[PDB]
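Using the authors' numbering, the letters of the sequence shown map in sequence onto residues 8 to 262, 271 to 483.
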Amino acid sequence: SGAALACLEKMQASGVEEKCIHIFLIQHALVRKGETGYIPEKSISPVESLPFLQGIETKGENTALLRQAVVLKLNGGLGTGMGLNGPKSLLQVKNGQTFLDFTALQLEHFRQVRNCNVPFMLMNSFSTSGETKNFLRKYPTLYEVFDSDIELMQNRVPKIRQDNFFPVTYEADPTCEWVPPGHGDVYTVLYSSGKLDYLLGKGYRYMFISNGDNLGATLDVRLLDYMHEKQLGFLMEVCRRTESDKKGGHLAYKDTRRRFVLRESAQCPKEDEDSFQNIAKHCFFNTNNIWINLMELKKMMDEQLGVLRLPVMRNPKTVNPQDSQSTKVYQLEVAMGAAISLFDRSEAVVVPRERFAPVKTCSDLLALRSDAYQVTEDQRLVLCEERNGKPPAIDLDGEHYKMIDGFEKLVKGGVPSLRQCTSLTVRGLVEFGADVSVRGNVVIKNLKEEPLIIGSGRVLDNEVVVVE
Ligand SMILES: O=c1ccn([C@@H]2O[C@H](COP(=O)(O)OP(=O)(O)O[C@H]3O[C@H](CO)[C@@H](O)[C@H](O)[C@H]3O)[C@@H](O)[C@H]2O)c(=O)[nH]1
Numbered sequence: 008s009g010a011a012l013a014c015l016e017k018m019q020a021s022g023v024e025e026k027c028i029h030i031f032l033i034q035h036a037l038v039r040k041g042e043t044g045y046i047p048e049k050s051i052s053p054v055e056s057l058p059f060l061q062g063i064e065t066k067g068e069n070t071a072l073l074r075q076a077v078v079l080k081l082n083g084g085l086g087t088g089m090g091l092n093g094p095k096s097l098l099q100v101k102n103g104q105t106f107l108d109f110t111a112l113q114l115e116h117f118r119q120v121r122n123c124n125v126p127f128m129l130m131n132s133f134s135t136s137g138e139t140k141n142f143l144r145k146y147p148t149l150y151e152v153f154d155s156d157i158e159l160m161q162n163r164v165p166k167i168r169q170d171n172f173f174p175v176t177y178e179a180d181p182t183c184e185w186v187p188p189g190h191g192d193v194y195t196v197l198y199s200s201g202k203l204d205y206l207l208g209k210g211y212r213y214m215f216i217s218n219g220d221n222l223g224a225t226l227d228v229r230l231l232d233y234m235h236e237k238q239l240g241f242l243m244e245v246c247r248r249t250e251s252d253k254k255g256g257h258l259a260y261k262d271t272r273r274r275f276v277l278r279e280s281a282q283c284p285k286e287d288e289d290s291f292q293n294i295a296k297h298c299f300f301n302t303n304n305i306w307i308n309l310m311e312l313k314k315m316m317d318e319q320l321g322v323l324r325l326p327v328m329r330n331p332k333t334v335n336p337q338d339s340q341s342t343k344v345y346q347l348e349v350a351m352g353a354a355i356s357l358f359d360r361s362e363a364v365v366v367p368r369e370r371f372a373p374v375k376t377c378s379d380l381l382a383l384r385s386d387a388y389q390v391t392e393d394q395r396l397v398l399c400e401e402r403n404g405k406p407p408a409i410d411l412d413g414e415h416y417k418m419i420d421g422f423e424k425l426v427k428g429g430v431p432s433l434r435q436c437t438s439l440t441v442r443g444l445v446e447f448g449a450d451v452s453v454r455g456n457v458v459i460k461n462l463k464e465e466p467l468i469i470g471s472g473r474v475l476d477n478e479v480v481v482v483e
């Protein structure tokens, strides 16, 4: 393959890790022959039941295990879905505090309260590393050990043309020619960097990993205790899916014994969107709060010669995400949750919603920035009590609010109160002013060209607003 050799040479020219190149060209072979990465509804069965955290946990903690624990926050994605060209963690959340402020403050609270200097890492990509490093100047505790201790630099892979599978060229911005290969990349990065051997040599055996956008994620020593007692290599936290869980992955089963499967958004064929979005059928949603046993990982990686068989997802895009007329490409990516079938002993457990405040979209961001979410003593962000575990279901017009620039007009004059909101749908150009209270099920449709301004102090109480 001339296309594979072209990818090979371009990767080697940019300093890409040898095993990553090898794993990529494996996937490249597959996709060149029309591998879609899809998990069709007819290939899987729903997960009907799972153990709950209240059941499986006990009183008391084994502090000896916490002493073996290490935290990693994922920070490598490009946030292209929200129209970013860099780290979504540098987005403001509350009080002029970004996602990364909340992460740094959470860690500091954890270390203080428990008097335990738990190791901490951020998995960065080429697109997020520099901005993240400079941001952390504000946290000298982290900054002074950023290169040596904190950063885990993941790999990058070229975007490849949908027609001939060659790496794409984009002269206007050669930066658009590359993508981090998914958070699934973590295992090979840990292995090939020497970080895994380093951590194991200091006696660490467990790693807690969560999304950089999820400020609800918590190191639970009682869940750690459980994972260890059942001698698990991998534990995934899931939530009872809500109407707001539209993007990410749900669990399912495949057969002749049953094994877990993770079906991501990118693995769902167009014809199956309705099923993928049936929250009652596919009711267990991955939080991406994942515990791994590091020695089990080490043993697997050695066994499989640095090459985990994670399922490749073949993500179609344009080379410049913002320009729909730019060259059509495929991003080959893996998800860290897909290791759930690869570990010898793995489990998923249902956790309370207060451990999962995701921001995948500007609709999610709206909910987080609003009074629907609250800061806890331990510096987490958690859904308010009166929403009874169910985030407001926010549908923001994809033609106006998908890009952060468009979302910016909506909240420019004010983030509305959403703590009493079960549902908010916005269509056309719309602009909130100050101290707007949204209550119950609210619809706002503007059919005029002029933005619809929602006056300051307006109460929208189970109301449908249509301006024409
Ligand atoms: O190559 C990459 C790609 C993403 N990220 C980071 O990974 C985290 C999550 O990525 P994101 O695109 O926000 O989420 P998805 O990958 O679509 O979904 C994940 O998060 C959902 C929970 O919000 C789960 O339901 C999914 O199964 C899980 O794969 C964020 O910190 C990203 O910055 C990386 O570090 N490297």
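Each residue gets a CB set at the ideal place from its N, CA and C atoms; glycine is no exception.
For residue 62, report the span of its beta strand (DSSP E) as first-last.
Residue 62 -> not in any beta strand (DSSP E); alpha helix (DSSP H) instead, spanning 60-63.
Just to confirm before moving on: does the CB-CB distance between residue 175 and residue 184 stay below 7 Å?
Contact flag set, yes.
Quick one: using the 10 Å Cβ neighbour count with 16 as the cut-off for buried, is residue 172 buried or exposed?
With 16 or more other Cβ atoms within 10 Å, it is buried.
Grab me the residues of residue 401's own chain with a C-beta within less than 8 Å of its C-beta, minus the 5 sequence neighbours each way, in chain order.
Closer than 8 Å at the Cβ level, and outside the excluded window around residue 401, lie 434 and 435.
Do residue 162 and residue 38 have their C-beta atoms closer together than 7 Å?
It is not a contact, given that the beta carbons lie outside the stated cut-off.
Between which two residues does the alpha helix (DSSP H) holding residue 194 run?
Counting along the chain, the alpha helix (DSSP H) containing residue 194 begins and ends at 193-200.
Pop quiz: residue 478 and residue 457 are said to be a contact at Cβ under 8 Å. What is the actual Cβ separation, rounded to whole angstroms?
Contact flag correct, Cβ pair sits at about 6 Å.
Would you tell me roughly how many angstroms separate the C-alpha atoms of residue 470 and residue 390, rounded to the nearest one?
Going by the C-alpha atoms only, they are around 28 Å apart.
Does the Cβ of residue 319 have 16 or more other Cβ atoms within 10 Å, making it buried, or fewer, making it exposed?
When all chains shown are included, residue 319 counts as exposed.
So residue 18 is in the alpha helix (DSSP H); what residue range does that whole segment cover?
First-last of the alpha helix (DSSP H) with residue 18: 9-20.
Nearest to residue 361 by alpha carbon, out of 311, 404, 377 and 349?
Among 311, 404, 377 and 349, the Cα nearest to that of residue 361 belongs to 311.
Going by C-alpha distance, which of 229, 188, 68 and 93 is nearest residue 34?
Residue 188 is the option with its Cα nearest to residue 34.
Could you tell me the distance, in whole angstroms, from the CA atom of residue 18 to the CA atom of residue 31?
C-alpha separation (whole angstroms): 10 Å.
Output the residue ranges of the beta strand (DSSP E) runs that lie fully inside the segment 284-338 and measure 3 residues or longer, sorted by chain position.
Listed in chain order, they are 299-308 and 328-333.
Which residue wins for smallest C-alpha separation from residue 156, given the options 165, 77 and 426?
Selected option, being the one with the closest Cα: 77.
Output the distance between the C-alpha atoms of residue 15 and residue 28, rounded to the nearest integer angstrom.
Approximately 7 Å between the Cα atoms of the pair.
Among 235, 59, 166 and 159, which one has its Cα closest to the Cα of residue 11?
Considering only alpha carbons, the answer is 166.
Suppose the cutoff is 7 Å on Cβ atoms and the five residues either side in sequence are ignored; what does the same chain contact list for residue 52 look like?
So the qualifying residues of the chain are 259 and 260.
What are the start and end residues of each continuous alpha helix (DSSP H) run of 4 or more residues lying completely inside the segment 416-440, in chain order?
The qualifying runs are 419-426.
Under DSSP, the alpha helix (DSSP H) around residue 38 begins and ends at which residues?
Unbroken alpha helix (DSSP H) run through residue 38: 25-39.
Counting Cβ pairs closer than 8 Å, one from the segment 297-306 and one from the segment 364-382, do we hit at least three?
Output reads yes: the segment 364-382 touches the segment 297-306.
Here's the rule: buried if 16 or more other CB atoms are within 10 angstroms of the residue's CB, otherwise exposed. What is residue 113?
Counting Cβ neighbours within 10 Å, residue 113 comes out buried, since at least 16 surround it.
Which residues share a DSSP beta bridge with residue 260?
Residue 260 pairs with 52 and 275.
Give me the residue from 151, 392 and 192 with the minimum Cα distance to residue 120.
Considering only alpha carbons, the answer is 392.
Looking at the secondary structure, which residues open and close the beta strand (DSSP E) in which residue 346 lies?
It spans 343-348 - the beta strand (DSSP E) in which residue 346 sits, taken as one unbroken run.
Beta carbon of residue 277, beta carbon of residue 256: below 7 Å?
Yes.
DSSP three-state label for residue 457, please.
Strand at residue 457.
How is residue 483 classed by DSSP in three states: helix, strand or coil?
Residue state, collapsed to three classes: coil.
Please determine if the segment 54-63 and the segment 204-218 are in contact, where contact requires at least 3 C-beta pairs separated by less than 8 Å.
As far as the Cβ criterion goes, the segment 54-63 does not touch the segment 204-218, which means the pair count is below three.
Between residue 269 and residue 385, what straight-line distance do the alpha-carbon atoms span, to the nearest angstrom?
A break in the chain separates 262 from 271, and the residue in question, residue 269, sits inside that break with no coordinates.
Below 6 Å CB to CB, which residues in the same chain sit around residue 20 once its five sequence neighbours on both sides are set aside?
So no residue of the chain qualifies.
Taking C-alpha atoms, which residue in 304, 426, 333 and 476 lies nearest to residue 245?
Among 304, 426, 333 and 476, the Cα nearest to that of residue 245 belongs to 304.
Provide the residue(s) that pair with residue 452 in DSSP beta bridges, ordered along the chain.
DSSP lists 432 and 474 as partners of residue 452.
Considering only the alpha carbon of each residue, which of 169, 219 and 227 lies closest to residue 108?
Among 169, 219 and 227, the Cα nearest to that of residue 108 is on 219.
Using C-beta distances below 6 Å, list every residue in its chain close to residue 454, excluding the 5 sequence neighbours before and after it, in chain order.
Only 435 and 476 meet the Cβ criterion.
For residue 248, collect the residues of the same chain with a Cβ closer than 8 Å to its Cβ; drop the 5 residues on either side in sequence, then sort them by chain order.
257, 294, 297, 298, 299 and 300.
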